[PDB]
Every structure is written in structure tokens, then in C-alpha cells.
Amino acid sequence: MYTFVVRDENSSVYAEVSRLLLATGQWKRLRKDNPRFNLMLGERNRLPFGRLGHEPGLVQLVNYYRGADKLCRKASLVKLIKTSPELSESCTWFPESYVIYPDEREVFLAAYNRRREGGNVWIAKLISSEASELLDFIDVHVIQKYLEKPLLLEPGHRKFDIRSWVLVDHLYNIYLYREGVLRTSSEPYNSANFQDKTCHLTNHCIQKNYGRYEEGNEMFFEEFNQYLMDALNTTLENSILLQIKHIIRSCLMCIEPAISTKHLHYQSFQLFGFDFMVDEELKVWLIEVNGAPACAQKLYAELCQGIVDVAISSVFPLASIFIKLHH
Amino acid sequence: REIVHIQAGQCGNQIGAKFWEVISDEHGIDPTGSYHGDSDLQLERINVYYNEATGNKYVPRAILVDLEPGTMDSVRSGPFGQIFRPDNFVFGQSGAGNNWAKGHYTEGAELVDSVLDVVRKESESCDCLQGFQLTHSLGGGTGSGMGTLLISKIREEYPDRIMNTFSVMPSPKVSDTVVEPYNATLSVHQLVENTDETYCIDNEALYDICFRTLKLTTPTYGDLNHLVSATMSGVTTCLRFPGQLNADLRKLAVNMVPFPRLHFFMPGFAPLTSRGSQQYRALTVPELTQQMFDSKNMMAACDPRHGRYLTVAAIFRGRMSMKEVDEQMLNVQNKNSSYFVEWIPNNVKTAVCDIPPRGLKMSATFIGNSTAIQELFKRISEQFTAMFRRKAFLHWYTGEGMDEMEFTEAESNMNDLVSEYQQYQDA
Amino acid sequence: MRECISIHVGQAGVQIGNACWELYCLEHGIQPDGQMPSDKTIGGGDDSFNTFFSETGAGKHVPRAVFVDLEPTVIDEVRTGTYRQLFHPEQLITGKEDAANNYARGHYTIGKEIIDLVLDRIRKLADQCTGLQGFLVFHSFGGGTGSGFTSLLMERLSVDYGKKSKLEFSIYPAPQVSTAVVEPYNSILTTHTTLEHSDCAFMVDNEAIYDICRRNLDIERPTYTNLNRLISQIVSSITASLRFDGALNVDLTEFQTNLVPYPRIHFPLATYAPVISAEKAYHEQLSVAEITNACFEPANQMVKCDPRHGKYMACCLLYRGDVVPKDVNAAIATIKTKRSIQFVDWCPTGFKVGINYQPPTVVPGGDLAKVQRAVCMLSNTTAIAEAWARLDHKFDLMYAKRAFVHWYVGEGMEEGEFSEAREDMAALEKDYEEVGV
Amino acid sequence: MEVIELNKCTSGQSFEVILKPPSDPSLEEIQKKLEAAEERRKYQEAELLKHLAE
Ligand SMILES: Nc1nc2c(ncn2[C@@H]2O[C@H](COP(=O)(O)OP(=O)(O)OP(=O)(O)O)[C@@H](O)[C@H]2O)c(=O)[nH]1
Ligand SMILES: Nc1ncnc2c1ncn2[C@@H]1O[C@H](COP(=O)(O)OP(=O)(O)CP(=O)(O)O)[C@@H](O)[C@H]1O
Ligand SMILES: Nc1nc2c(ncn2[C@@H]2O[C@H](COP(=O)(O)OP(=O)(O)O)[C@@H](O)[C@H]2O)c(=O)[nH]1
Ligand SMILES: COc1ccc2c(c1)NC(=O)CN2c1nc(Cl)nc2c1CCC2
Ligand SMILES: [Ca+2]
Ligand SMILES: [Mg+2]
Ligand SMILES: [Mg+2]
Ligand SMILES: [Mg+2]
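For the protein sequence lines, the chains are B, E, S and R, in the order given. Counting from 81, one number per residue, gives the positions in the first sequence under my numbering. Counting from 185, one number per residue, gives the positions in the second sequence under my numbering. Counting from 248, one number per residue, gives the positions in the third sequence under my numbering. Counting from 0, one number per residue, gives the positions in the fourth sequence under my numbering.
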């Protein structure tokens, strides 16, 4: 048998990975503080990476990549894109973003005053124009250009965001789950006032007109691909998914030298949640990356099974739903 | 680093004589004391258990104690009896009559000063004395009562030395008298206080092994002592032989005893063999590891799955892959990690010796400080109370000056020992 | 010339001293009887090798070393070994009974018996010095003698030699080769008592040396002889600048100045490459760039940790063999672009390079193969605090139950010194995280 | 890359490369605690010999 421990009871994804592993009959679960494990489904904060890979006679594996928070914090993501030459300051798929503390203020207001000449709606993380109001709201936050012309689904005139689940295994193969989800807004997009943000914030919890067009404000790829065909005369693969696969590959390949566990004494994999924003001209924008993402109820069974097949059983074999992004 | 061996009583002298027979053969010494071996590994640490006398003879640093001349006369008549220094035979005439009080308070008090004289004479000749090891039973009178009287008096004169014991626990399956739980409870009270290491050799376990495993229908004391002398040889291997671990009694006590009162070890041996019958297939390293941890190879009738291992010491003897030993030992710990306390990291240390015991090409000896040893003390505390609740047979002891209160205190202290082992089984 | 005295304590210290002095003699051409034919100044001199060796009128070259073990069997193998003539009997000190893996027994009980005798024999070597600069102490964290008696010695050396530097070569405990279960206790206790008395300490995790011997030397079950020969190579690289002509790390003070900006954070990480098996029939020799790139692989470090998730405070490169400055800068240029090398903001991002043209020496019949060029990198990275976290976690597990504490209290120690020592370690981990985030 | 302080000799050479600029207790107290622990040993041994005397 292989052994594993669970150090994040709040994880809905790896709660199902625990059940799948146990139902194999070849995985035994130990207690939190038992060091003789093969696999660690560790905590989200202060994961003791320094204690991994020091047990003789045990190949150890963990479901997190040490150093990947540089991509999963809004402040760290902006710094990573501005400073890394692989992404460059002139990154075409990331919105203009500046970091301000309760900072780059001088460099920020330099562009906001060039907006006076012209669209100058920004978001901080909330949504405002002119921006002098927003700074006092902050009083660490990141301000970012709010995309004023997003792609609006019909019927409804609705906003949305695209969530893609990406798995990076111990060999740094980048696997993209073929099933995504559009977390839509059930309210019609009103660009007249941003104080009312039920039609702007596409968060699921912010929606609680909910549930009108599709169940749970979740449109999957089967339906959304058919809509693009009928309405815009194109497919999801050509118009959106190529840019999504390019962004996912660019972000992860940038930080590979700093998180890779190829020659380490322990091994790492991690599931990521990339959130994309499609605009009026079928251009994809990266909003943020999630280090501990939750799935959708319909896809938990298929995705968590794939995590075991690709990320766990590849290192601990027993007795495809992913699109490999090549590099 | 010399060790002084003491054997007290009938049982103590019979297993002690077998122990000296077994390790003398392993070290190439013959009954006359002359060395006729072939390897230099034998004599490198021969001084730990042997004194070098005139004419390049090797005299065992052993003292033979009994309140009867019966068993000790059989030792001097035995196959190796002529190797023992004749002055080290100290014996009375009355006997202890399976009575802890006679050995500890009356009959043994007369003789104990004579033993300490011989003990002192051997200790003054020692370059650096590690400590003492006593073989005895806890069910009789001499080895039990006088044995603990010696240990109490030895600790008074050598308070900074290690006290090691091989203590045979009584069992109704192999019973001499009904007062054995009385003698054992009084003795365990002494062992909890005045020893650093005690190997619990349960006669119940030795019988079950002889009966269930070795397929011996009517086991004798000779069939039981074969298992004892094989176990005694195995646990003392890293003391008698050179290797990567040249160990002494103190380092053993330091690394095996996390709390002073919990120093009662479960011995284990593999492969289990019967006298006069040799099996011809050598065990693979996975088999030695599988059996030495099996409860059917434990010399103390305890289920190790009912407790947790505080510390474990393992000895492999023979020509084998040390890498395969490391893999198998790590395989047991990682496959049954719930039975090893997590608050003592890496509590299993393994050693390997190239010299195998007589009659085997590969062997494995197990030393376990497990909280499951409480089952042994629970068993004795039950047999004790069944009689003491009616004060039965107590007149044999009160006639020697003992009061009922001393029995109550001994019963209480052992029940505290059981509850203390229970404290760390839940933690 | 300024002399250095080496002190080896316990089994790990003595046996590693045997490995180093065996290697030193081969590098300087000194023979087991102490003769040095290349030395033309008979009976004296002030060359660079005289830092580690004195000279007698007969031409013998005596190491400025003292061996001390509370138990004689290890030093007895030195007294009768291949280099028996090399040492004077007075610099080999043994007791009768050892510390039994007990820090408190080595520091208090048995240590008090012999501390004055050792300091006197140490005084004998210091009086032969025209200008002593300090000491090099070899010991283990886990041993009762290597931890207990060393801390008592390090306290007294700050008294009798307050102006001298003191460097440590410490063996961090690894269960694959360790024989004691209480080694986390001894490690924390000795690090706390020694911390303010050591100016620079080079830790060597036996787990790292073990796996290097398995991976790169094709040894299934490495022994102390295998480990200590590899350790001596690293130590020789570190001390080569004190024994040879050069301008980098020429005295013990320069080790602290170059590698230790903060007195407490004085644990540089050592990486070494290449380690090549002597049984390798066909070997393609590695270039300057290849072996410099290997200095940033964790699999070649003396302590397994991830320097990508810390910050450097200093960085030395000590080369041995066919190396020229041109090839080093070209290698550093390539490596800086491909690897995460983050320095603290109050330090310049750079490397101090030292090159010795004599290629690394290997003992005949040893496991290591001769190479054209090799390098030892000394980097003061905060990632080495991972070893303290591991060690303190094992300490926390045992001490929560007070397991084995009675053995230490029974030697005269007080239970409070446990928590006192653990508090200092909790402060050391705190200092590393401040500098490293 | 600035290569500074280049020293050379027959044995070898040394230099420095910069890629970017920046942004005890006394013998009295030792003997005192060594004897305070021996006192704690003598006391524990006396309580043992007193217990064995009873
Ligand atoms: N690298 C290396 N480690 C060693 C060597 N000898 C012992 N060790 C390590 O040292 C630790 C035990 O310390 P020792 O040096 O053996 O003990 P000691 O210093 O003599 O102290 P005591 O024997 O307890 O009195 C274990 O973790 C061993 O792995 C050696 O020769 N080389
Ligand atoms: N630059 C931008 N332009 C337009 N809309 C934006 C935007 N940034 C964020 N939004 C909208 O605001 C919503 C919430 O933003 P954000 O993703 O940063 O918060 P969050 O972290 O709570 C969601 P999660 O963590 O689950 O991915 C997004 O889903 C998107 O609809
Ligand atoms: N294993 C073993 N047990 C024995 C032997 N002789 C006696 N015993 C046990 O010891 C107890 C009797 O004590 P004994 O040693 O004969 O009395 P003593 O002479 O006063 O010490 C009983 O429980 C017996 O089962 C022996 O040779 N081997
Ligand atoms: C739990 O961890 C332990 C356990 C036991 C010991 C040690 C550590 N270390 C020692 O030095 C003594 N020792 C031993 N002693 C003796 Cl006679 N035989 C053996 C060992 C180890 C195995 C064989
Ligand atoms: Ca000279
Ligand atoms: Mg988020
Ligand atoms: Mg009898
Ligand atoms: Mg030692």
C-alpha cells in the first residue's frame, strides 16, 4: 500500500481525492502529523516544504508547488509580469495593473492622466472612474484597468468570466482540463454606474435574478461553443481557447526555473485555477491565477479522477480528459 | 568495558549455564577455558564477559548464587561446569521454598553478604565496569527474593552502574507452585525501581512457542531454555562482537528507555527452532524481518498490536545484504507506522553481525519496548488479586515477618506500572 | 605566517580529522613518518603549509592538531594507524567511559573531569605558535561527546583565547547512519551553548553525504570511511587557502568577513562538484561551466535545501584544477540568467573567486576519481534554516512528552536548559525568516 | 560584470565579480554552573542512598 495524509480539511477537491485514493484499496490514510507518508495533501498556509523528502525509503510527493504563490497573489502576479522578460511590460494579454499600498502611484497617475485625454474606468482589489476616489478606498491592493467592452451573451446582455483548471504534474507537464466553465452574471451589463456591481462582479457568491438562464449561473463548454457558432459564426477552440492555452503556457513556463522539482529530494504537483475575461472582439485577458481552486459539482468526479491518474498514480502506480500543453 | 554476570536460583542458574554454553561456543572457548577458534572477531571484545587467567585461559565473569546446592551441583557437573571460577560458587543449604520472603528477608539475608564479597572481588579487577546482568525467575524464592535483594544491595554499592536483568515470568501453563503471582508481584516492584533494563521472558510465551509453533506436545524446561539461550545470545550480540555498532549497557538503556520505569523489553527471535532438529533452508531477509516482528516469535505473551512501540532494537546475524536489511526494516516501519509512536522519531535502530549463532546461517533478534507489555503485568496482577482478596497462602509469608501491607503496596505499584504504560499507548 | 590549531572531538570529529590530515599530507607531499622532501628549510620556516604543520629538528612535520575523545577505542586506532608516527602522544587525549549519547553527560559529568587536561595540551600547541589566529573544531551534533564536551570546550576557548577566531565543522544528524535516538536533543543543546562562541560553522548533513555516495559513487551501503573521505575533500577545499599561496580567505578572520555579515547567521552552505566514481571506466571530463552550474543543484550540497526560496548574503567560489578567470565569468553569466539567485538588498550580488592550479588530490584506492578541475561553493543562504526547522520539529515532538529528559536531568542538567536552548533556536529560525523574506 | 582585486601568483589567482550593487561568560560563571550541576547530582544520589537506607 501507499500512504498519504490530509492537512487541509477545507479542500473540496482533495476531499474527493481522498475518497478515490482510499477506495482503490492500495492507499492507506495516516494521521496529520505522521511523517511516514508517500503523499501530502497539505495546508494552504505555511506548508512545511522543508520537512519533505527526508524520510529514508519513501518517495514523497505534495499537491503544491513551493513558490507558486508568486503567480497566485494579485500583487505578486503584477510584479512577475512587469519584471520577467518572458512576459515583459508590453504583455498583450494582461490588463494594465499597478501596485498601491495603504507603491507605484506616481507611475499610476501618469497613465490615469493620459486617460483624461481620451475610457478611464479602473478596478482595485471597487470599480470607479477618475480614480481619486479609489485611492482613499484602499486606505495592499492592486489597481487594474476595468475592461469596459466585454463580450455579452445573448439573450440577457450578460457579463461572465472563464475558469480553466490546469494540472501540472511532477515532470512539469502542463495539463489543461478539457471541461471549463463560464461563471456568468444573471444581471444585464449596465455601464452607466459601477457602484451597483451585481452585473460586474461575476463571482458566484456575489450572485445570491440568479439562476435564470442556466443552472447555477454555470454555462459549460458544450453550450457556449454552440452559442459562438450560431451567434458569431466561430468556435470556442479558434476564438478563445487558443489564447487561453497560450496564456496558461506562458505563465507557467515563466516560473518553471523557480518552482520545478525535477532534481529535488521531494516532488510537487498542483492544480491551478486560471480566470479569463473575453472582451468585445473575442480577445482573452488573464484576470488572476488561483492556487487552491474549487471545481464545479458536475466536473468533480471527472477532474478528481484525472488528478489521481495523471499526478498521483504516475509516481505511485497501482496493480484522456487533459490537453497537454507542449513546451 | 566489563560486565559482571550473576545467576540466582534454580531457573537463573539453568538458563545462565545454557547462556554461557552458547556464547562460549560462539567465541570459540571450550569447557576447559582454552580458545580453539579460527576468527579474530571472536576475541576482540572477549573481555566483556571473560577474565583472562593464567596460561591464556578465559574465565567467565560469572557468579553462581543459590540457597540450595542441588541445581548448582548439576551446573558444576554439566558440560561447561569446569569453566566457572570455583570461588564464584556461593550457596546455602536450607533453600528458599518458593518463598519470596525467605529469599529477601530471612534465608537470603544470611547469604547475601557472601555474594557481595565475590561481586566486589570481580569488580575491583575490572578496567571499567559497565554494570551487571542477572538471570533469575520471579516465581521462586532464591532468584526472585534474593535476586532482588542483591540488586538492591548492588545498586547501593555501585549506584552509577547499569543494572540489567533476564527475568523469567511465571505462568500457570508452566507452574511449580500457586504462590508464583505473589513472588512475581513482589519482584516486579523491585525491578521497576532498581534496574535499568529487564528482558521479560514469559514462560507462557515460551510454552506457546514450544507447543503451537515447534510442534512439541510436552515441552520440558530444556525445550524452554533453548529459546532463552538463543534469545540471550541474540540480544547481547552487539555487546560481545565488533561491528559498526559497538554498544554497551548504558547506551542501550539511554536509547531504549524514554521514561525510567518503562524499561521492560519484549524479546523476539527468528527463525524459531527446536532442539536436535535442524532445518536446512535459510530464511531470506524479508522472512527474518517478517517473523521477528510476528507476535508468535515474541518471548513475552503480549500482542504487540494491542500497544505501540516506544523504541525497537533489531539484530541480524549472518552473511546478508545490509542494503536489503535496511529496505526491509524501513518497509516494516512505513507499512505499520501506526504502531510506532510519532513522538520518538526514528525509534528503530538495526545492527548486523557477520557471525551467526550455532546451527543457523541467518538469524534475527528483536528487542521491543512496547506498551503492550502491560498485558503481562495485567495477567500477573489478576492472578495475584484472585488469591489476595481472600488472603490465601499469605501465612507462608507472614510467618517470615512480612505484613499484609507490603503485599498491598506491591500490588499498587504494579497497577501503577500498568496505568503508566497505558498513558503512552493513547498519546 | 599565522598558525591554526585543529581540534577533533568525539568519534565523528576524530575520524574526520584522520581523513583530513591524510589528505593534507598527500597534498603537501608529507609522508606517514612526517618527512617532507620538498621542504628545503629544515627545522623551521613560515611558509603557508606551516599554518597547519610544525617542524622538528629531524625534519618531521607535526600537525597542529589535538584529538580528544571521552573513550579510547577511536583514538587508539589513530595511535596504531598508518599515520601513528605523524602525531605526538600528548596531542591524543582519551578517557575511560564515553558520554553515552548524552549531552549532559558529556558537558557536565564527564566533561568536567577532562576539560582542564585538554586545555593544557591545547596550551602546549599554542606556545609553539608565533602568531595564533584561532582554531578549527570538528565534531558531531548528535554525539554525547561531540555535542556535550565541544560546547564546554568552546566556552573555555573564548576565555583563554578571547582574541582568536573559532570555526566549526559540524556533522548534522541523519537517521540513516545515526546510532542514537536522542540526537535532536544533543544538537539543539550544543548549538545553543556554542552559538555565541563560534564565528563560522560549516554544517554537513550526513543524509546529503550518504545520498551523494549512493548516487554519484555507486556505493549501495556507504560507510563512515566512504563519507569521511568525501567530507575531507570539501574541508580541504575550504582550508586550502590557509595552506597555500593566495589572496582569498588567507586567515580565519577573512572567513567571517567574507561569509558572515550577521554573527548569529554564521552557517554557510557548502556545495561541491564533481564527485566521480573511480570505478567509472569511461568518463567525459566536466568543464568550468558544467561544474559551476552543479554548485546550484541541491543534489550536490552538504545540506539538502532549496536556495531558490531564500536569499544569499555572500558567495565564494573555490576552484581547484585547470580553471582561468575568463571561463568563470562566462559560466557565471550563463547561470545568472537561468537560475534564481536572489541576494538581500543590503548586499551586492556577486561572487568572490579563488583558483588553485593544483587539481584535487585523491587517496590511492579511494572511491573518488581524479578530475581535471573541481569547485567548492560557499554560499550563506537563508535556505539552510530548513535544517534547523527539521531539527527543531524532531525536538518539539520528543520534548512535548519529556521523553528521555530524565537521562539529562540525572546528570545534573536542569529541565529549563532544554526550553532555554529551544527558545534560542526559535530565535535563530526567526532571524533567518526576517532576512529571507 | 566588473572583475576587481585580481591577484595572481604561481599557485593560482583570485578575484571578485560583482553583478549588481546593493539596494561571553567568564571562567567564574563557567565553574559556577558546572558545580551547580554536580551539587544537583550529589543531592539526587543522597536521596537515593537515603531511600535505600530506609
Ligand atoms: N560523517 C560522519 N559521521 C559520523 C562519524 N562517526 C559518527 N558520526 C555521526 O555522529 C553521530 C553520533 O556521534 P558520535 O561522534 O559517534 O558520538 P561521540 O561524539 O563520540 O559522543 P559519545 O560516543 O556519545 O560519547 C551520529 O549521528 C553519526 O552519524 C563519522 O566518522 N563520519
Ligand atoms: N480588469 C477587470 N476587468 C473587468 N472585470 C474584472 C476585472 N477584474 C475583475 N473583474 C471582474 O470581477 C470579478 C472578481 O474579480 P477577481 O477575480 O479579482 O476576484 P476573486 O479573487 O474573488 C475571484 P476567484 O478568486 O474565485 O478567481 C471577476 O470575476 C470579473 O468578473
Ligand atoms: N524457563 C524456565 N523457567 C524455569 C526453569 N526453572 C524454573 N523455572 C520457573 O521458575 C519458577 C520457579 O522458580 P525457581 O527458580 O525454580 O525457584 P528458586 O530456586 O527459588 O529461584 C517457576 O515459575 C518455573 O516455571 C527453567 O529451567 N527454565
Ligand atoms: C531505539 O534506538 C536504539 C535502540 C538500541 C540501540 C541504540 C538505539 N543505539 C546504541 O548505541 C545501543 N543500541 C543497541 N544496543 C545493543 Cl546491545 N544492540 C543493538 C542496539 C541497536 C540494535 C541492536
Ligand atoms: Ca620548512
Ligand atoms: Mg482569487
Ligand atoms: Mg524450583
Ligand atoms: Mg563515542
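Heads up, the beta-carbon is just placed ideally off N, CA and C, and yes, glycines get one too.
Once DSSP output is grouped into helix, strand and coil, what is the label at E:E291? Residue state, collapsed to three classes: helix.
What residues are listed by DSSP as bridge partners for S:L615? Residue pairing of S:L615 in beta bridges, as defined by DSSP: S:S524.
Anything in chain B within Cβ reach of E:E511, meaning under 8 angstroms, just list it in chain order. Against chain B, a Cβ distance below 8 angstroms from E:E511 picks out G137.
Decide yes or no for the touch test of the segment 541 to 549 of chain E against the segment 448 to 460 of chain E: beta carbon pairs closer than 8 angstroms, at least 3 of them. Using a Cβ-Cβ distance cut-off of 8 angstroms, the segment 541 to 549 of chain E and the segment 448 to 460 of chain E are in contact, since at least three pairs of beta carbons, one from each stretch, lie closer than that value.
For S:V482 and S:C267, believed in contact at Cβ under 8 angstroms, the rounded distance: A Cβ-Cβ separation of about 5 angstroms places S:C267 in contact with S:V482 under the 8 angstroms criterion.
E:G552 - partner residues in DSSP beta bridges: When beta bridges are read from the DSSP output, E:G552 appears opposite E:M450, E:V496.
Alpha carbon to alpha carbon, how far is B:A376 from S:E661? In this structure, the straight-line span from the alpha carbon of B:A376 to that of S:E661 is close to 58 angstroms.
Look up E:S321 in the DSSP assignment and give the residues it is bridged to. Answer by DSSP bridge pairing, in chain order: E:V352.
From S:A517 to S:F449, what does the alpha carbon distance come to, in whole angstroms? Answer to the nearest angstrom: the Cα atoms are 7 angstroms apart.
Measuring CB to CB, does B:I161 end up less than 8 angstroms from B:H221? For B:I161 and B:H221, no; Cβs fall outside 8 angstroms.
If distances are taken between C-alpha atoms only, which option among E:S223, E:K337, E:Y242, E:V441 comes closest to E:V232? Comparing Cα positions, the closest option is E:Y242.
Rounding to the nearest angstrom, what Cα-Cα distance links B:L215 and S:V684 in this structure? B:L215 and S:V684 have their C-alpha atoms some 27 angstroms from each other.
Grab me the residues of S:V424's own chain with a C-beta within less than 7 angstroms of its C-beta, minus the 5 sequence neighbours each way, in chain order. Contacts found: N453, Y457.
Could you have a look at E:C310 and say whether DSSP puts it in helix, strand or coil? E:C310 falls in the coil class under three-state DSSP.
With DSSP as the reference, label E:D432 as helix, strand or coil. For E:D432, the three-state secondary structure derived from DSSP is coil.
What's the C-alpha gap between E:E186 and B:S98? When rounded, the distance between both Cα atoms is 56 angstroms.
For S:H530, is the classification buried or exposed, using 16 other Cβ atoms within 10 angstroms of its Cβ as the cut-off for buried? S:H530 should be labelled exposed.
Which residues in chain S have a C-beta closer than 8 angstroms to the C-beta of B:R146? List them in chain order. Contact note: B:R146 reaches chain S through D553, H556, using a C-beta cutoff of 8 angstroms and chain order.
Using a Cβ-Cβ cut-off of 8 angstroms, state whether E:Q517 counts as contacting chain B. Yes, its Cβ sits closer than 8 angstroms to a Cβ of chain B.
Please tell me whether B:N118 and B:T172 are closer than 8 angstroms, where the distance is taken between their beta carbons. Not closer than 8 angstroms, so no.
Buried/exposed call for S:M645, threshold 16 Cβ in 10 Å: Buried.
How is E:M504 classed by DSSP in three states: helix, strand or coil? Annotated three-state conformation of E:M504 is coil, per DSSP.
Check whether the segment 232 to 250 of chain B and the segment 261 to 271 of chain B touch, using three or more Cβ-Cβ pairs below 8 angstroms as the test. Because the criterion of three Cβ pairs below 8 angstroms is met, the segment 232 to 250 of chain B and the segment 261 to 271 of chain B touch.
Are there 16 or more other CB atoms within 10 angstroms of the CB of B:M81, so buried, or fewer, so exposed? Around the Cβ of B:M81, a 10 Å sphere holds fewer than 16 other Cβ atoms; the residue is exposed.
Chain-ordered chain R contacts of S:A580 [CB-CB under 7 angstroms]: Around S:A580, the beta-carbon contacts reaching into chain R at under 7 angstroms are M0.
Comparing C-alpha positions only, which one of B:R153, B:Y255, B:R146, B:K363 sits nearest to B:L322? Checked all of B:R153, B:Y255, B:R146, B:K363; the closest Cα to B:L322 is B:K363.
Enumerate, from N- to C-terminal direction, the unbroken beta strand (DSSP E) stretches of 3 or more residues contained entirely within the segment 601 to 666 of chain S. Fully enclosed beta strand (DSSP E) runs of 3 or longer: 620 to 628.
Assess, as a yes-or-no matter, whether the segment 617 to 624 of chain S is touched by the segment 551 to 558 of chain S under the definition of 3 or more beta carbon pairs within less than 8 angstroms. Flag = no, the segment 551 to 558 of chain S and the segment 617 to 624 of chain S do not touch.
Report the residue ranges of all beta strand (DSSP E) runs contained in full by the segment 144 to 186 of chain B; include only those spanning at least 3 residues, in chain order. Note on the segment 144 to 186 of chain B: whole beta strand (DSSP E) runs with a minimum of 3 residues are 177 to 180, in chain order.
Please check if any C-beta of chain R sits within less than 8 angstroms of the C-beta of S:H444. Taking 8 angstroms as the threshold, the shortest C-beta distance from S:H444 to chain R falls below it.
Exposed unless 16 or more other CB atoms sit within 10 angstroms - verdict on E:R574: By the neighbour-count rule (16 or more Cβ atoms within 10 Å), E:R574 is not buried but exposed.
Got a sec: is the Cβ-Cβ distance from S:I602 to anything in chain R below 8 angstroms? Interface residue, yes.
Hey, does R:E38 have any beta-carbon neighbour from chain E nearer than 8 angstroms? No, its Cβ sits nowhere closer than 8 angstroms to a Cβ of chain E.
Is S:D345 near ligand 8, in the sense that its beta carbon is under 7 angstroms from a heavy atom of that ligand? Correct: S:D345 has its Cβ closer than 7 angstroms to ligand 8.
Count the other C-beta atoms from every protein chain shown that fall within 10 angstroms of the C-beta of E:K305, then say buried if there are 16 or more, exposed otherwise. Here E:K305 is exposed: its Cβ has fewer than 16 other Cβ atoms, across all protein chains shown, within 10 Å.
Assess, as a yes-or-no matter, whether the segment 476 to 486 of chain E is touched by the segment 364 to 376 of chain E under the definition of 3 or more beta carbon pairs within less than 8 angstroms. By the Cβ test, the segment 364 to 376 of chain E is not in contact with the segment 476 to 486 of chain E, since fewer than three Cβ pairs between them sit closer than 8 angstroms.
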